[PDB]
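Take a look at this single chain, the form deposited in one PDB entry, given in structure tokens.
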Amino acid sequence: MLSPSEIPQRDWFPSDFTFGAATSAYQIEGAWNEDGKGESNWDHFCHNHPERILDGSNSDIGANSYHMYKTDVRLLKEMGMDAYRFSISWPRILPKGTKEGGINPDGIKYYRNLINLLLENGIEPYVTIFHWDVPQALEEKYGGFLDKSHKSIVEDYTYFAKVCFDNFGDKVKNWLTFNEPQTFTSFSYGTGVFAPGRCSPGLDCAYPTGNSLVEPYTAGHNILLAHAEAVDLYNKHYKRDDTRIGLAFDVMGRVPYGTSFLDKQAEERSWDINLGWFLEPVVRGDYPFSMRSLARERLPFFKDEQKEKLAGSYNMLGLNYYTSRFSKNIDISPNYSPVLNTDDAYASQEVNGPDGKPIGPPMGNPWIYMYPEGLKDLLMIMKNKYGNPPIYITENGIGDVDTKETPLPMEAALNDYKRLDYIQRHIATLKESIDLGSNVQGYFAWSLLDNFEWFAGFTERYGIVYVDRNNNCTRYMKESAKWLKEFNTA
């Protein structure tokens, strides 16, 4: 269901508000080895462990955007988009990932052509420096963001950002240092469903030698050190009175399981372990109190000089919202003990509350339940607790299932009203939040293109534009994308 008068109209938001779509470098690029591109960490994972991909697939082609960016810009423009959020392949720019491994010239040419073409068509680029693709070269030289020396990674990351600032600084006016560090670290060294795939012994991931209790924090700590270092560099030599830098946090809105004041407390620790873990540091200069008290020693401290670079190290914040959960309290005692870094929030995240019903109508996959109301909740917390800063909904959408046993007909795939409904609703929620005081300034539909979904392989289509992989990645606009064209063009 949906509704006539309740349908978001472009003239519901200010003119300067921005609307666009987003994608990930590894998910759409392909050309995994074309033109001297280095081996990313995911290239390795997929190739050597196809048994960690729901369908054993990989992104050696993706949506072949590396060769078809011309059309990607073409869709966007006929869709009348205001901006395009894409990410840059660290391996494609720095094959060895280091300054001295050399700067691959082809990769620079690509992002220049894409950026220029996006600009000639009046589309603003919102670039994500790092979107999970860590050069495999660094992965073996000192264990990527798992570097316990805190320096190699920070310097190797900082130099990468500098190269980006140097070759795309005049055209790119909006930067994002990292994309969802909470996940990346949690999924790469906690559950281990992400590359490299480490985890505590006994658990089931590719390299069960890791430590789901101490690794996520180590990698996440470096990330924050790299952000502060890159942003320091940005503010000192590249920042213009009209350019911005920041980062995107993954986030699900938490809600009390029952009614006990205990579940409200769980909710708080939940928002903390999820959003605050990385937000609090870039805002005040240190992690959430809760975490320092529940993960005690397993969470490094920061030198005063670091606490200083991190605080206020942003002009805008990116929010990636999909669903929400119920947070039920879990008391401290001898009967319980944390398995994952995430179990430190001494709270469980349910989908179904005490009434047995789902926190929202299922959207098709194993985790997306529609609850746009949690979106407003998050927008009010940013507003009332963390200074109501410029927020951009950098990701939002759903993923239609399309597998071997239950392939999804192209005619049906193209008629995504479950998605069209989902988008309209969240976009309407931004009109409610704005009226409620939020400082949101834009929305990005997740996956302008159908593409690789990490461990989910090609079983899900998140795009608003259909990609025929068994053709020549030919593209066909979905109903959602067509509404978005009417929304922007009207």
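One rule holds for the numbers: they count along the sequence shown, beginning at 1.
What comes next is about the form deposited with a small molecule bound, which does not appear here.
The partner is not drawn, yet in the entry with it bound one stretch among 66 to 74, 43 to 51, 455 to 463, 429 to 437 has residues with heavy atoms inside 4.5 Å of the small molecule: 455 to 463. Of the heavy atoms in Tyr142, none are within 4.5 Å of the small molecule in the entry with it bound. The small molecule is not shown here, and in the entry with it bound it never comes within 4.5 Å of any heavy atom of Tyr287. Contact annotation: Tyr371 falls outside 4.5 Å of the small molecule in the entry with it bound, judged by heavy atom distances. Residue contact check for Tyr322: one or more of its heavy atoms lie within 4.5 Å of the small molecule in the entry with it bound. Taken together, the three residues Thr158, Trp175 and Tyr314 all stay farther than 4.5 Å from the small molecule in the entry with it bound, as judged by their closest heavy atom. Comment: the small molecule is not present in this chain, but in the entry with it bound one of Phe187, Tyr111, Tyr346, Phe326 has a heavy atom within 4.5 Å of it, namely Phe187.
Proximity to the small molecule in the entry with it bound, taken as a non-hydrogen atom within 4.5 angstroms, holds for one residue of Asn104, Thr218, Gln136, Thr183, which is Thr183.
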